[PDB]
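Accompanying notes for the structure given below.
In this analysis, Cβ positions are derived from the backbone assuming ideal geometry, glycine residues included, and neighbour counts consider all displayed protein chains. None of the figures in this text is laboratory data; all of them are computed from the coordinates on show.
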Amino acid sequence: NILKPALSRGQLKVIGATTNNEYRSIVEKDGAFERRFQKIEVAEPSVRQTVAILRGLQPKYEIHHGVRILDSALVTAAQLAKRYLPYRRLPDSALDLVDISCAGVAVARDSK
Amino acid sequence: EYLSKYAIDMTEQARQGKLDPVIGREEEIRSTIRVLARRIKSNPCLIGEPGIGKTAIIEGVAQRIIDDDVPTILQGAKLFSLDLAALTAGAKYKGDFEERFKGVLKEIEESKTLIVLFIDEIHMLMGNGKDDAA
Amino acid sequence: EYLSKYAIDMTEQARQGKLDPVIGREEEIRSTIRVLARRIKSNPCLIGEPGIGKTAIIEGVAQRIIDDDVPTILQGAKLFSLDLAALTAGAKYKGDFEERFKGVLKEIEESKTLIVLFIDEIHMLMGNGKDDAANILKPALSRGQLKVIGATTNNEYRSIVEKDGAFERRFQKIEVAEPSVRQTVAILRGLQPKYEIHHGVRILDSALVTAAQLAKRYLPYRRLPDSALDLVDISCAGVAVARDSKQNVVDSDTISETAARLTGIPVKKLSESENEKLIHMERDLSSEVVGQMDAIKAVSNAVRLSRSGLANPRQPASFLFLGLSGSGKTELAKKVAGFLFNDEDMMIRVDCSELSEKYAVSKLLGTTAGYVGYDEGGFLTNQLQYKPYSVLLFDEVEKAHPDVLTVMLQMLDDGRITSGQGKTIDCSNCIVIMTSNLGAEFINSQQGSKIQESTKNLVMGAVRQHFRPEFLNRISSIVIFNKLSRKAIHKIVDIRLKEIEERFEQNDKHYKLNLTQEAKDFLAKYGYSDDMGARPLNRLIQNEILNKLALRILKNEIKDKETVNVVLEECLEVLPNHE
Ligand SMILES: Nc1ncnc2c1ncn2[C@@H]1O[C@H](COP(=O)(O)OP(=O)(O)OP(=O)(O)O)[C@@H](O)[C@H]1O
Ligand SMILES: Nc1ncnc2c1ncn2[C@@H]1O[C@H](COP(=O)(O)OP(=O)(O)OP(=O)(O)O)[C@@H](O)[C@H]1O
């Protein structure tokens, strides 16, 4: 009855999260969970939105790595993420480019 | 008493207004009652898709009992919902959990009104492929 | 006295009248006694399907002992029901399990006669992973008589033997038979007074006969010793239950109807009206399906024969629907379900469109153990096990490969279809409707809307070329649907327009259907693409009416209702504005 009697009574508020195909498995294997949880579709952000996110996270990266990030750099990460990493969704794809680039600067400092 | 630890008094909850009033399903509640009113193997099980309302029927049973819509045969009755915990509270010390279960059964038959026990998720009764099902 | 702490004295129960007497089991009882009389292989094992009187024999033995129908050799023995608490009373303390079996296995022979132990479920011994779980005490001590009688399910016996070995060598396997209906009734009669007394109702003797006979036909999943009693006990309760809510058990009005409430099977409800079940069927099927009256009657009549169980106990109502596509070859089937279950969606559609002999049977019946995924029964087993009188539809059964057709051969004649699991279904109470397009080559000649004799034979030729006659010979009727004469089309257009209204959810916008004879003729005339049946009428309506309507709705040019007129096939009907 994992979470069951409580979810069924409005008690034990639970916020779940999973991947579309994982969900598919929930729906097929249990079914009743789909009747216990309210599905909320989460949408991939656009490039513009992705950049806004990156700007917001920019200080976490600058502080962590000890680097300064140009705004055009973040725009670039989002554009390149969409164009060159088509199989992986934008939030991480852009962040990987930003985070790794920042890391590279830091690593490079210790290379000399 | 094991019922005070391992089961919910559905009829208490009905009495307390904690259960939704049942709407319709008159034939299903009558069918349920006719089976419970049997003398031999009086054990109905509600089958249907999840999301159908079969629990609501069980709540309906409790409501019928509270307001005595239940036939004379079954009016002097109580309805409890057995948690899996009777068995799933831990099997440490093989057989103990089966004994708690049997304990519950002793309480149910022993005199104190026609106590009927509700088994939710009856699939759990399957045990470990018979074997542990005892 | 371990036995007085952990076991029930079965002869106590016999003496106290707590056990039911048994009928017809005398030889099987004698067999267990004769085995006990042996010095070697002295422990009988009652083996059979669940419910096949295995403990009835044992309970019967206890009575035969107190009644002295047992050799004195054995008669002086006492019988006890063991296991369970015998073991589970201990838990902590390794070896307690042996200590629990040990004094039992000593007291059993210590002066106070010989005690026969009953392990009703031998299969629950041996040990869960062996673990020397005191089971070893049995073989170890088994030389000292310590006679044990036990029982197991046929399936379980196999498991006992394979798991232990010694048990096969120590026990005498005994097959226990399922009784015939005649024997079953005799059993029921013996128990009749127990139920009459227990419930305070009477039972008609014909009712007992009915329970056994009815159960044999409509409860194939439960063995007669139980199935017949279930109908008796449930019925008796039904009488007492109704009586004692805020008399006797009638063969018909109580048992036949009870079984139907339990299992489904409308024909055993012995309904008060074949007007509101058959007559209305023809009318309503005819009301919605225009033309093909011949088919409607064929089905209605085949269905009629199932009333009261008159139809053959091993043959589903069965049809093969041939004819022009668009003639309602599957629409009729839905309407039949629409009548039978008062709901068209209750029909079990079988996707015959997708068949290969290598998957074709397996997706219907599933597979055996050892194969990726068991969940057997995709389309047939999983439905028929729960819906005894469902109606099946095979959309293009003709695309089936011989393996499926073989399943259908069984279905159509002794429908004890074996699932991949190995368990049968027994769906003789279902309705089987199958379809095919084979007659297209002849019916498309358009030479007469009612199938003509030449056409009929040519169509049946193709059917007989395609399916083996063995299949065809098992179908209740083969019907070639009539083509949709213009006459039919006018009636159909009205029906379709109403259907559109009926399906239009929340009909704020609703059809006025100011068809007038002119648009009726427009749809009926221009939509009469005879060689495609009625289906094109739908396309015409979508193209000419609904598209415009949808646009006017989107533009909010319509607030409610729905104006119709003809503006002037070039007129295109054209619905008017509204607001
Ligand atoms: N006929 C009804 N009368 C009153 N309440 C109902 C009725 N049908 C549904 N409900 C309400 O909605 C729920 C019906 O779902 P129910 O609890 O029966 O789930 P369920 O059918 O048991 O499915 P499950 O197998 O996930 O338990 C009830 O909890 C009740 O609140
Ligand atoms: N005799 C009829 N009266 C009213 N409507 C009909 C009639 N025949 C056909 N229709 C309409 O046309 C369609 C007939 O569907 P149906 O699938 O039976 O055609 P079909 O011949 O089965 O197609 P196919 O042979 O490929 O399964 C239905 O959608 C129904 O609305």
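Observations
- Listed residue pairs exceeding 26 Å between alpha carbons, taken from B:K54/C:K277; C:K18/C:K41; C:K491/C:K548: B:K54/C:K277; C:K18/C:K41
- Förster-model FRET efficiency, 51 Å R0, C:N543 and C:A140, C-beta, rounded to 0.05: 0.05
- Gyration tensor (alpha-carbon) shape descriptor, the range B:1-47, a/c threshold 1.5: oblate
- Label separation (C:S206 vs A:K39): 5.7 nm, computed from points 7 Å beyond Cα along the C-beta direction.
- Separation of the B:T72 and C:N514 label points, Cα + 7 Å toward Cβ, nm: 6.7
- Shape annotation for the range C:279-327: C-alpha extents along the principal axes are 34, 23, 11 Å, from largest to smallest.
- Proximal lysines relative to C:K102, as straight alpha-carbon distance under 20 Å, when same-chain residues fewer than 8 apart are discounted: B:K94, C:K5, C:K78, C:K92, C:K94, C:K112, C:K130, C:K138, C:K147
- Antiparallel DSSP beta bridges within chain B, percent to nearest 5: 35
- Take each residue in B:66-73, count the other chain C-beta atoms within 10 Å of its C-beta, and the mean is 3.
- Couplings for the range B:45-57, taken from phi via the Karplus curve 6.51 cos²θ - 1.76 cosθ + 1.60 with θ = phi - 60°, read 9, 8, 10, x, 4, x, x, 6, x, 4, 5, 4, 4 Hz in order; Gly and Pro are left as x.
- Of the GluC sites (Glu not before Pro) found in the range C:286-383, the ones in coil according to DSSP and having at most 15 other Cβ atoms within 10 Å of their Cβ are C:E354, C:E357.
- Prolate is the label for the range C:229-325, because the ratio a/c of its alpha-carbon gyration tensor axes (a ≥ b ≥ c) is 1.5 or higher and a/b is greater than b/c.
- For the pair the range C:193-247 and the range C:18-46, the centres of their Cα atoms are 29 angstrom apart.
- Residues in the range C:23-41 reached by a label modelled at C:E196 [backbone nitrogen below 20 Å; 7 Å Cα→Cβ]: C:23-24
- With a 10 Å cut-off around each Cβ of B:26-39, the average count of Cβ atoms from other chains is 4.
- Helix content alone sets the calculated 222 nm mean residue ellipticity of chain B: runs of n ≥ 4 DSSP H residues at -39500 (n - 2.57) each, divided across all residues, give -11000 deg cm²/dmol.
- The calculated FRET efficiency for the pair A:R48 and C:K18, based on their C-beta separation and a Förster distance of 56 Å, comes to about 0.10.
- Bridge type composition, the protein assembly as shown - antiparallel percent by DSSP, nearest 5: 10
- Tensor-based shape of the range B:37-115 (alpha-carbon gyration tensor, a/c under 1.5 rounded, otherwise prolate or oblate): oblate
- Per-residue shielding of C:225-238, expressed as the average number of other chain Cβ atoms within 10 Å of the residue Cβ, stands at 3.
- Charge dipole (debye, nearest 20) of chain A; +1 at Cβ of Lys and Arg, -1 at Cβ of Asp and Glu: 260
- Separation of the C:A177 and C:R314 label points, Cα + 7 Å toward Cβ, nm: 2.0
- Sorting the segments C:110-117, C:421-428 by their mean number of nearby beta carbons within 10 angstrom, highest to lowest, gives C:421-428, C:110-117.
- C:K525-C:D375 FRET efficiency (beta carbon distance; Förster radius 41 Å; 0.05 resolution): 0.20
- On the principal axes of its alpha-carbon atoms, chain C has extents of 112, 56, 53 Å, going from largest to smallest.
- Mean projected area (nm²) of the alpha-carbon convex hull when the range B:78-134 is viewed from all directions: 3.9
- Long-range amide H partners of C:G439 with built H, under 5 Å: C:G323
- Here the 3J(HN,Hα) profile of the range C:120-131, calculated from phi with Karplus coefficients 6.51, -1.76 and 1.60 at θ = phi - 60°, is 4, 10, 4, 4, 8, 9, 6, x, 7, x, 6, 6 Hz, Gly and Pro shown as x.
- Farthest towards the positive end of the charge dipole of the range C:266-310, among the residues C:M281, C:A295, C:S271, is the Cα of C:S271, using unit charges on the Cβ of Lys, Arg, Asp and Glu.
- Annotation note: GluC sites (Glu not before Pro) in the range C:24-68 located in DSSP loop regions with a Cβ neighbour count of at most 11 within 10 Å are absent.
- Put the Cα centre of the range B:73-107 next to the Cα centre of the range C:335-352 and the gap is 43 Å.
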